[PDB]
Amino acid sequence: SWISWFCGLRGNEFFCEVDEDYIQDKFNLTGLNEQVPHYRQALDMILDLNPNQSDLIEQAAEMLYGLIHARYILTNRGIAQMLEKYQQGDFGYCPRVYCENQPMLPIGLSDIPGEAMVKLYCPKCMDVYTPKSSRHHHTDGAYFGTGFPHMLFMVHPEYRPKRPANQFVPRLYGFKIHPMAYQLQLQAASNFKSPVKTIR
């Protein structure tokens, strides 16, 4: 099948296998015809149903599946499937030290394709991070949505991790840096990087 192969490819670890059950009901695929070119022939390649066109149709099927994915992973079933991957840490671990390697969730900064690549949401610190592995630096963010992880914890509130136990305390010979001292520091950088005279 096409679905199982695509999700099994190198770089597509973040994806879950969308049930054909969901894709055959055309209720769910609304508006997607006006989003991708060659929609009918791209949908055919997904359900397993001339070197000019057959190349472009493969790319349009990749863009279709991904948009469908963004909708699918918001559903209770799509949530449960990602939640399974999340429990095995398929989405990487948080680089923040005081998050203690919290498992992450994929997220898109934008919903429209071509604008941003995929990013990682940490349930603990609640900030977003660029995937550490440079094999994921080509997955379009639009395929996971802006709302996926937020929807997840709304459906399963139980899965929120408690706020970080500890915090980073900068110490210089064990004296803490007073915040008066960054306000200063931040000028000296402004006042510094100033237009050097451009000789006439």
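The first residue of the shown sequence is 1; numbering continues from there. For the two forms, the rigid core is made up of the largest set of C-alpha atoms that agree within 1.5 Å on superposition.
K.L.:
How do 148 to 156 and 51 to 59 compare in 4 other deposited structures of this protein: which one has C-alphas farther from this form after the rigid core is matched?
P.N.:
So, of the two stretches, the farther one in 4 other deposited structures of this protein is 51 to 59.
K.L.:
Could you tell me how many residues of the deposited sequence sit unmodelled between residue 49 and residue 50 (none, 1 to 3, 4 to 9, 10 or more)?
P.N.:
According to the record, 4 to 9 deposited residues lack coordinates from residue 49 to residue 50.
K.L.:
Would you tell me which stretch averages the higher CA B-factor in the PDB entry, 60 to 68 or 149 to 157?
P.N.:
Stretch with the higher mean C-alpha B-factor: 60 to 68.
K.L.:
Which of the two stretches, 23 to 31 or 169 to 177, shows the higher mean Cα temperature factor in the record?
P.N.:
Comparing averages over the C-alpha atoms only gives 23 to 31.
K.L.:
Place residue 9 in the lowest, middle or highest third of its chain's C-alpha B-factors, as listed in the PDB entry.
P.N.:
Ranked within chain, residue 9 CA B lands in the highest tercile.
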